[PDB]
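S.K.: Experimental coordinates follow, after the sequence.
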Amino acid sequence: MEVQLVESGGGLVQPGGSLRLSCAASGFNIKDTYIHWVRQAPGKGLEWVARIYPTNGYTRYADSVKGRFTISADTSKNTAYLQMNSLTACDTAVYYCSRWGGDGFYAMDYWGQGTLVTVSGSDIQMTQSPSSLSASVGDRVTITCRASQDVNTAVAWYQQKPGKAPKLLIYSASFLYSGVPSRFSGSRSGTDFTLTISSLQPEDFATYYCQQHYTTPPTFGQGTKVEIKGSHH
Amino acid sequence: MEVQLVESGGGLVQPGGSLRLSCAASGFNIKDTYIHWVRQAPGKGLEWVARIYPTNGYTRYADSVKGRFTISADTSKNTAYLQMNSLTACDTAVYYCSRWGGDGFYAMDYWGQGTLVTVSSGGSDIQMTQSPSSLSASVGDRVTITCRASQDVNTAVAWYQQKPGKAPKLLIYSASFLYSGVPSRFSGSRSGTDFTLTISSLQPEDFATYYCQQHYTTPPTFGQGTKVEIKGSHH
């Protein structure tokens, strides 16, 4: 019989979710060798994550998955397993199952075809437009955000200067936060929200974020960079 | 006192490591509102991470950190905490402490200065430095791919070949032994910690990505890979 490793169980998983992969072997007994799991992020290299020697119950894990991943085996079914908990986007990869040659052979002579795990939507998504805009000092700037669902008027606007923390400008769609200059203003038109700077001042060149607090969790727009007309800046 | 939030605890961490961030609050009582954690990856936007209501310990998280991050509070010290386990390259970001303004005011009116958390990739594992990263070659060319181990790995080195959409295939084992069935145009060699894969005459079926791997210690480590692409045409 031909030596063969067949992985299964991959698919799309929500972040923080969990998944169990299996690797069915034929042509040999997994009891007599180490079974490894090696993964490959899309377009990246190879990373060993775990191995098991079912005869002795030996298991080893890479530091990047220790405490999160569990390797096991069922020799009666000649199948190894990889249990993956609290998955993140950095776990998206093709998960290969492989084996050592046995005896004093420590290269991986046989690999499975691989199974793809993709770690991924009820959150309210906010879409700001444009992504960036150039303006001259004193111009009238208007930035728009669109909520994927109705958020009443529970929308806030924040300004962030490079290297600094965000600072609140507008709350409840149209109320000016105390201390924020008069040239800033907000408005709503259904699911469309607008931030308006009447006459641009040099200290207003920054990135602006919309945010909804109608429901949990709070979600931000991707941001709008407002820079001076010209190149490099 | 003016309202203030001070973060601390960030730093450099290897993948899978742990880190504990602190947010020391002053000018207000954290029992009166929510304390949030918001992070920002370099050059990217703002992502809400977690929140806690220190009055009754209610906590919620973003899905991207569930099961790995734990937010907590010590009302006696007016301080919130973010324990980060199983750290990960996607967690590299500046982490901001923030609060909701209070009852009937759900904006984040006060933010901390932020603390930087960097998840590395310089580690105790043996590094395998492969070169080149890509090579354009014609059929019949002689090709050499070399890899340097960061320390002695004896001859416990293997060379693998991976075609697009396929699994890696073993070519050379123990540094210079040809795997059964692999053509004789493939050969390996060791010079100290330098390991070289040689294809005497490149064939049309040889265009793939090639990986060096050491198995002298655990974990086994792979080189970054060398993509050999075709130069010319046969159509």
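M.R.: In hand now; what should we look at? Residues are numbered from 1 along each chain as shown, chains lettered A, B, ... in the order given.
S.K.: quick check: domain ranges of chain A?
M.R.: Described in terms of curated CATH domains, the domain architecture of chain A consists of the residue ranges A:4-119, A:126-228.
S.K.: who wins for proximity to residue B:111 among the ones you listed?
M.R.: Closest to residue B:111 of those is domain A:126-228 (Cβ to Cβ; 4.1 Å). Every C-beta, even on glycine, is put in place using the N, C-alpha and C of the backbone.
S.K.: need the contact list for the residue nearest the centre of chain A.
M.R.: For chain A, the residue nearest the mean C-alpha position is residue A:89 (4.2 Å; Cα atoms, centre = their mean). Counting by Cβ atoms under 8 Å, 6 or more residues apart in numbering or on different chains, residue A:89 makes contact with A:15, A:119, B:64, B:90.
S.K.: same deal with residue A:42?
M.R.: Counting by Cβ under 8 Å, 6+ apart, residue A:42 touches A:92-94.
S.K.: again with residue A:153
M.R.: Applying Cβ under 8 Å, 6+ apart, the residues near residue A:153 are A:172-174, A:188.
S.K.: Just flag the most distant two among those residues.
M.R.: The distance between the two most remote of the contacts of residue A:153 (Cβ to Cβ) is 9.4 Å, for A:172 and A:188.
S.K.: Overlap of the contact sets of these two?
M.R.: Shared between the contact lists of residue A:172 and residue A:188 (criterion: Cβ under 8 Å, 6+ apart) are residues A:153, A:155.
S.K.: Over to residue A:51. Which of the three states is it?
M.R.: What DSSP: H, G, I helix; E, B strand; the rest coil gives for residue A:51 is strand.
S.K.: Apart from its chain neighbours, what residue comes closest to it?
M.R.: Spatial nearest neighbour of residue A:51, excluding adjacent residues (Cβ to Cβ, 6 or more residues apart in numbering or on different chains): residue A:36 at 4.4 Å.
S.K.: For the closest residue to residue A:87 other than its chain neighbours, what are phi and psi?
M.R.: Nearest residue to residue A:87, sequence neighbours excluded (Cβ to Cβ, 6+ apart): residue A:119, at 4.8 Å. Note on residue A:119: its backbone torsions stand at phi -90, psi 110 [degrees, to the nearest 10].
S.K.: Now do the contacts for residue A:119.
M.R.: A:12-15, A:17, A:87-89, A:91-92.
S.K.: partners of it in the sheet?
M.R.: Here residue A:119 sits in beta bridges with residue A:13, going by DSSP bridges.
S.K.: I'd assumed residue A:128 was in a helix, is it?
M.R.: No - checked against three-state DSSP, residue A:128 lies outside a helix; its state is strand.
S.K.: burial of the closest residue to it other than its chain neighbours, as a residue count?
M.R.: Spatial nearest neighbour of residue A:128, excluding adjacent residues (Cβ to Cβ, 6+ apart): residue A:221 at 3.7 Å. Applying the criterion other Cβ atoms under 10 Å in any protein chain shown, we find 26 residues in the vicinity of residue A:221.
S.K.: so residue A:221 touches residue A:211, yeah?
M.R.: Yes - assessed by Cβ atoms under 8 Å, residue A:221 is found in contact with residue A:211 at 7.1 Å.
S.K.: Show me what the helix or strand hosting residue A:108 pairs with in its sheet, parallel or antiparallel.
M.R.: Residue A:108 is part of strand A:105-111, with elements assigned from DSSP states H and E. Note on strand A:105-111: by DSSP bridges, its sheet partners are strand A:93-102 (antiparallel).
S.K.: outside of the strand it pairs with, which residues touch it?
M.R.: The contact list for strand A:93-102 (Cβ under 8 Å, 6+ apart) reads A:5, A:7, A:10, A:21, A:23, A:25, A:28, A:30, A:32-42, A:44, A:46-47, A:80, A:82, A:106-112, A:114-117, B:167-168, B:173.
S.K.: Would you list the buried entries among those residues?
M.R.: Among the contacts of strand A:93-102, those scoring as buried are A:5, A:7, A:10, A:21, A:23, A:25, A:28, A:30, A:33-40, A:46-47, A:80, A:82, A:106-112, A:114-115, A:117, B:167-168, B:173 (criterion: 16 or more other Cβ atoms under 10 Å in any protein chain shown).
S.K.: Next one: residue A:22 from chain B, what distance?
M.R.: Distance, residue A:22 to chain B, by Cβ to the nearest Cβ, to the nearest Å: 16 Å.
S.K.: in what helix or strand does that residue lie?
M.R.: Under the assignment given by DSSP H and E, the secondary-structure element containing residue A:22 is strand A:19-26.
S.K.: packing partners for that strand?
M.R.: strand A:4-8, strand A:35-40, strand A:79-84, strand A:93-102, strand A:115-119 (3 or more Cβ pairs under 8 Å, 6 or more residues apart in numbering or on different chains; DSSP states H and E).
S.K.: Quick check: neighbours of it in the sheet, parallel or antiparallel?
M.R.: On the basis of DSSP bridges, the sheet neighbours of strand A:19-26 come out as strand A:4-8 (antiparallel), strand A:79-84 (antiparallel).
S.K.: Output the last one as PDB - backbone C-alpha positions only.
M.R.: Looking back up the chat, that one is strand A:79-84. As requested, C-alpha coordinates have been extracted for strand A:79-84 and formatted as PDB (Å, rounded to 0.1, in the frame of the first residue of the first chain):
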ATOM      1  CA  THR A  79      -5.400   9.400  12.600                       C
ATOM      2  CA  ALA A  80      -3.700  12.400  14.200                       C
ATOM      3  CA  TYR A  81      -5.500  15.600  15.400                       C
ATOM      4  CA  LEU A  82      -4.700  19.300  15.900                       C
ATOM      5  CA  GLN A  83      -7.000  21.200  18.200                       C
ATOM      6  CA  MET A  84      -6.700  25.000  17.700                       C
END
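S.K.: Could you check how far it is from the centre of its chain?
M.R.: 23 Å (Cα atoms, centre = their mean, to the nearest Å).
S.K.: With stretch A:200-208 instead?
M.R.: Averaged C-alpha coordinates place stretch A:200-208 at 30 Å from its chain's average position (Cα atoms, centre = their mean).
S.K.: what's the span of that stretch, first residue to last?
M.R.: As for stretch A:200-208, its first-to-last residue distance stands at 14 Å under the measure Cα to Cα, to the nearest Å.
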